[PDB]
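Listing of protein.cif; format and content: mmCIF, N, CA and C atoms.
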data_start
loop_
_atom_site.label_atom_id
_atom_site.label_comp_id
_atom_site.auth_asym_id
_atom_site.auth_seq_id
_atom_site.Cartn_x
_atom_site.Cartn_y
_atom_site.Cartn_z
N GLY Y 4 -13.69 -57.80 92.64
CA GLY Y 4 -12.28 -57.69 92.30
C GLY Y 4 -11.94 -56.47 91.45
N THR Y 5 -12.97 -55.69 91.11
CA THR Y 5 -12.77 -54.55 90.22
C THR Y 5 -11.88 -53.49 90.85
N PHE Y 6 -11.96 -53.30 92.17
CA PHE Y 6 -11.25 -52.21 92.84
C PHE Y 6 -10.00 -52.67 93.58
N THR Y 7 -9.55 -53.91 93.38
CA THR Y 7 -8.53 -54.42 94.28
C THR Y 7 -7.15 -53.83 93.97
N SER Y 8 -6.79 -53.71 92.70
CA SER Y 8 -5.51 -53.12 92.34
C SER Y 8 -5.44 -51.68 92.79
N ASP Y 9 -6.48 -50.89 92.47
CA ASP Y 9 -6.53 -49.50 92.91
C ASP Y 9 -6.44 -49.40 94.44
N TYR Y 10 -7.08 -50.33 95.14
CA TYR Y 10 -7.03 -50.32 96.60
C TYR Y 10 -5.66 -50.76 97.10
N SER Y 11 -5.09 -51.80 96.46
CA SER Y 11 -3.76 -52.27 96.84
C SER Y 11 -2.73 -51.15 96.75
N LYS Y 12 -2.84 -50.29 95.74
CA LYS Y 12 -1.95 -49.14 95.65
C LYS Y 12 -2.18 -48.20 96.83
N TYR Y 13 -3.45 -47.96 97.17
CA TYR Y 13 -3.73 -47.09 98.31
C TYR Y 13 -3.18 -47.67 99.61
N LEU Y 14 -3.37 -48.97 99.81
CA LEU Y 14 -2.80 -49.63 100.98
C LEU Y 14 -1.28 -49.54 101.02
N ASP Y 15 -0.65 -49.74 99.87
CA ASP Y 15 0.78 -49.53 99.73
C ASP Y 15 1.20 -48.17 100.25
N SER Y 16 0.51 -47.12 99.78
CA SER Y 16 0.85 -45.76 100.17
C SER Y 16 0.69 -45.55 101.66
N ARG Y 17 -0.34 -46.19 102.23
CA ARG Y 17 -0.59 -46.08 103.66
C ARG Y 17 0.51 -46.75 104.47
N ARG Y 18 0.92 -47.96 104.06
CA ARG Y 18 1.94 -48.68 104.82
C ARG Y 18 3.29 -47.98 104.73
N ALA Y 19 3.59 -47.38 103.58
CA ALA Y 19 4.78 -46.56 103.47
C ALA Y 19 4.67 -45.31 104.33
N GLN Y 20 3.52 -44.65 104.31
CA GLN Y 20 3.36 -43.52 105.23
C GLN Y 20 3.54 -43.96 106.67
N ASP Y 21 3.00 -45.14 107.04
CA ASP Y 21 3.19 -45.62 108.41
C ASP Y 21 4.67 -45.83 108.70
N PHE Y 22 5.40 -46.40 107.73
CA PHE Y 22 6.83 -46.64 107.93
C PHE Y 22 7.55 -45.32 108.16
N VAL Y 23 7.26 -44.33 107.32
CA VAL Y 23 7.98 -43.06 107.39
C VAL Y 23 7.74 -42.38 108.73
N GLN Y 24 6.51 -42.40 109.21
CA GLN Y 24 6.22 -41.75 110.47
C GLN Y 24 6.95 -42.44 111.60
N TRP Y 25 6.94 -43.78 111.59
CA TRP Y 25 7.74 -44.53 112.53
C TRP Y 25 9.20 -44.11 112.46
N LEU Y 26 9.74 -43.98 111.24
CA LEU Y 26 11.17 -43.68 111.13
C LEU Y 26 11.48 -42.29 111.66
N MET Y 27 10.56 -41.34 111.50
CA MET Y 27 10.79 -39.96 111.93
C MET Y 27 10.67 -39.80 113.45
N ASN Y 28 9.93 -40.68 114.14
CA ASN Y 28 9.69 -40.50 115.58
C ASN Y 28 10.73 -41.26 116.39
#
As structure tokens:
Amino acid sequence: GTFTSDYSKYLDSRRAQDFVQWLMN
């Protein structure tokens, strides 16, 4: 559980990047 918050933030950034690319195409 040591890396979960740090990873959750990275996953957040990825899902937002996925959203943005979808919105641009």
Test item, alpha helix (DSSP H) assignment across chain Y, answer as a PyMOL selection string: chain Y and resi 7-27
Atom N of residue 7 in chain Y to atom N of residue 26 in chain Y, straight-line distance in Å: 28.1 Å
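Straight-line separation from CA of residue 8 in chain Y to CA of residue 22 in chain Y: 20.9 Å.
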Point-to-point distance in Å for atom N of residue 28 in chain Y and atom C of residue 16 in chain Y: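 Going from atom C of residue 16 in chain Y over to atom N of residue 28 in chain Y covers 16.3 Å.
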Could you add whatever atoms are missing so that chain Y carries N, CA, C and O atoms, then write the result as a PDB file, in the coordinates of the input?
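File written: rebuild30.pdb
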ATOM      1  N   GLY Y   4     -13.690 -57.800  92.640  1.00  0.00           N
ATOM      2  CA  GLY Y   4     -12.280 -57.690  92.300  1.00  0.00           C
ATOM      3  C   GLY Y   4     -11.940 -56.470  91.450  1.00  0.00           C
ATOM      4  O   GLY Y   4     -10.777 -56.242  91.126  1.00  0.00           O
ATOM      5  N   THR Y   5     -12.970 -55.690  91.110  1.00  0.00           N
ATOM      6  CA  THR Y   5     -12.770 -54.550  90.220  1.00  0.00           C
ATOM      7  C   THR Y   5     -11.880 -53.490  90.850  1.00  0.00           C
ATOM      8  O   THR Y   5     -11.100 -52.834  90.145  1.00  0.00           O
ATOM      9  N   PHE Y   6     -11.960 -53.300  92.170  1.00  0.00           N
ATOM     10  CA  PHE Y   6     -11.250 -52.210  92.840  1.00  0.00           C
ATOM     11  C   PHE Y   6     -10.000 -52.670  93.580  1.00  0.00           C
ATOM     12  O   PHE Y   6      -9.447 -51.892  94.370  1.00  0.00           O
ATOM     13  N   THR Y   7      -9.550 -53.910  93.380  1.00  0.00           N
ATOM     14  CA  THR Y   7      -8.530 -54.420  94.280  1.00  0.00           C
ATOM     15  C   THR Y   7      -7.150 -53.830  93.970  1.00  0.00           C
ATOM     16  O   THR Y   7      -6.416 -53.479  94.897  1.00  0.00           O
ATOM     17  N   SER Y   8      -6.790 -53.710  92.700  1.00  0.00           N
ATOM     18  CA  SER Y   8      -5.510 -53.120  92.340  1.00  0.00           C
ATOM     19  C   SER Y   8      -5.440 -51.680  92.790  1.00  0.00           C
ATOM     20  O   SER Y   8      -4.475 -51.264  93.454  1.00  0.00           O
ATOM     21  N   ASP Y   9      -6.480 -50.890  92.470  1.00  0.00           N
ATOM     22  CA  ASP Y   9      -6.530 -49.500  92.910  1.00  0.00           C
ATOM     23  C   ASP Y   9      -6.440 -49.400  94.440  1.00  0.00           C
ATOM     24  O   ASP Y   9      -5.832 -48.458  94.978  1.00  0.00           O
ATOM     25  N   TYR Y  10      -7.080 -50.330  95.140  1.00  0.00           N
ATOM     26  CA  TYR Y  10      -7.030 -50.320  96.600  1.00  0.00           C
ATOM     27  C   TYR Y  10      -5.660 -50.760  97.100  1.00  0.00           C
ATOM     28  O   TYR Y  10      -5.092 -50.167  98.029  1.00  0.00           O
ATOM     29  N   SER Y  11      -5.090 -51.800  96.460  1.00  0.00           N
ATOM     30  CA  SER Y  11      -3.760 -52.270  96.840  1.00  0.00           C
ATOM     31  C   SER Y  11      -2.730 -51.150  96.750  1.00  0.00           C
ATOM     32  O   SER Y  11      -1.819 -51.056  97.587  1.00  0.00           O
ATOM     33  N   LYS Y  12      -2.840 -50.290  95.740  1.00  0.00           N
ATOM     34  CA  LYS Y  12      -1.950 -49.140  95.650  1.00  0.00           C
ATOM     35  C   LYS Y  12      -2.180 -48.200  96.830  1.00  0.00           C
ATOM     36  O   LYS Y  12      -1.230 -47.707  97.450  1.00  0.00           O
ATOM     37  N   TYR Y  13      -3.450 -47.960  97.170  1.00  0.00           N
ATOM     38  CA  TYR Y  13      -3.730 -47.090  98.310  1.00  0.00           C
ATOM     39  C   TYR Y  13      -3.180 -47.670  99.610  1.00  0.00           C
ATOM     40  O   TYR Y  13      -2.609 -46.958 100.434  1.00  0.00           O
ATOM     41  N   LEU Y  14      -3.370 -48.970  99.810  1.00  0.00           N
ATOM     42  CA  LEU Y  14      -2.800 -49.630 100.980  1.00  0.00           C
ATOM     43  C   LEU Y  14      -1.280 -49.540 101.020  1.00  0.00           C
ATOM     44  O   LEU Y  14      -0.691 -49.324 102.080  1.00  0.00           O
ATOM     45  N   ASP Y  15      -0.650 -49.740  99.870  1.00  0.00           N
ATOM     46  CA  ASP Y  15       0.780 -49.530  99.730  1.00  0.00           C
ATOM     47  C   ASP Y  15       1.200 -48.170 100.250  1.00  0.00           C
ATOM     48  O   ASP Y  15       2.160 -48.054 101.009  1.00  0.00           O
ATOM     49  N   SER Y  16       0.510 -47.120  99.780  1.00  0.00           N
ATOM     50  CA  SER Y  16       0.850 -45.760 100.170  1.00  0.00           C
ATOM     51  C   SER Y  16       0.690 -45.550 101.660  1.00  0.00           C
ATOM     52  O   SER Y  16       1.483 -44.820 102.290  1.00  0.00           O
ATOM     53  N   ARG Y  17      -0.340 -46.190 102.230  1.00  0.00           N
ATOM     54  CA  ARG Y  17      -0.590 -46.080 103.660  1.00  0.00           C
ATOM     55  C   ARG Y  17       0.510 -46.750 104.470  1.00  0.00           C
ATOM     56  O   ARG Y  17       0.971 -46.205 105.497  1.00  0.00           O
ATOM     57  N   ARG Y  18       0.920 -47.960 104.060  1.00  0.00           N
ATOM     58  CA  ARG Y  18       1.940 -48.680 104.820  1.00  0.00           C
ATOM     59  C   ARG Y  18       3.290 -47.980 104.730  1.00  0.00           C
ATOM     60  O   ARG Y  18       4.034 -47.935 105.722  1.00  0.00           O
ATOM     61  N   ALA Y  19       3.590 -47.380 103.580  1.00  0.00           N
ATOM     62  CA  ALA Y  19       4.780 -46.560 103.470  1.00  0.00           C
ATOM     63  C   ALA Y  19       4.670 -45.310 104.330  1.00  0.00           C
ATOM     64  O   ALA Y  19       5.628 -44.924 105.023  1.00  0.00           O
ATOM     65  N   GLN Y  20       3.520 -44.650 104.310  1.00  0.00           N
ATOM     66  CA  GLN Y  20       3.360 -43.520 105.230  1.00  0.00           C
ATOM     67  C   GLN Y  20       3.540 -43.960 106.670  1.00  0.00           C
ATOM     68  O   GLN Y  20       4.222 -43.289 107.454  1.00  0.00           O
ATOM     69  N   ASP Y  21       3.000 -45.140 107.040  1.00  0.00           N
ATOM     70  CA  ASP Y  21       3.190 -45.620 108.410  1.00  0.00           C
ATOM     71  C   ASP Y  21       4.670 -45.830 108.700  1.00  0.00           C
ATOM     72  O   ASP Y  21       5.169 -45.465 109.761  1.00  0.00           O
ATOM     73  N   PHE Y  22       5.400 -46.400 107.730  1.00  0.00           N
ATOM     74  CA  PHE Y  22       6.830 -46.640 107.930  1.00  0.00           C
ATOM     75  C   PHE Y  22       7.550 -45.320 108.160  1.00  0.00           C
ATOM     76  O   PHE Y  22       8.379 -45.203 109.070  1.00  0.00           O
ATOM     77  N   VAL Y  23       7.260 -44.330 107.320  1.00  0.00           N
ATOM     78  CA  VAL Y  23       7.980 -43.060 107.390  1.00  0.00           C
ATOM     79  C   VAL Y  23       7.740 -42.380 108.730  1.00  0.00           C
ATOM     80  O   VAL Y  23       8.652 -41.798 109.320  1.00  0.00           O
ATOM     81  N   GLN Y  24       6.510 -42.400 109.210  1.00  0.00           N
ATOM     82  CA  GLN Y  24       6.220 -41.750 110.470  1.00  0.00           C
ATOM     83  C   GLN Y  24       6.950 -42.440 111.600  1.00  0.00           C
ATOM     84  O   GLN Y  24       7.529 -41.792 112.467  1.00  0.00           O
ATOM     85  N   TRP Y  25       6.940 -43.780 111.590  1.00  0.00           N
ATOM     86  CA  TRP Y  25       7.740 -44.530 112.530  1.00  0.00           C
ATOM     87  C   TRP Y  25       9.200 -44.110 112.460  1.00  0.00           C
ATOM     88  O   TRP Y  25       9.851 -43.890 113.481  1.00  0.00           O
ATOM     89  N   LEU Y  26       9.740 -43.980 111.240  1.00  0.00           N
ATOM     90  CA  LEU Y  26      11.170 -43.680 111.130  1.00  0.00           C
ATOM     91  C   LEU Y  26      11.480 -42.290 111.660  1.00  0.00           C
ATOM     92  O   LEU Y  26      12.548 -42.066 112.232  1.00  0.00           O
ATOM     93  N   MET Y  27      10.560 -41.340 111.500  1.00  0.00           N
ATOM     94  CA  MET Y  27      10.790 -39.960 111.930  1.00  0.00           C
ATOM     95  C   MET Y  27      10.670 -39.800 113.450  1.00  0.00           C
ATOM     96  O   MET Y  27      11.247 -38.855 113.996  1.00  0.00           O
ATOM     97  N   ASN Y  28       9.930 -40.680 114.140  1.00  0.00           N
ATOM     98  CA  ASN Y  28       9.690 -40.500 115.580  1.00  0.00           C
ATOM     99  C   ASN Y  28      10.730 -41.260 116.390  1.00  0.00           C
ATOM    100  O   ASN Y  28      11.840 -41.548 115.897  1.00  0.00           O
TER     101      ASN Y  28
END
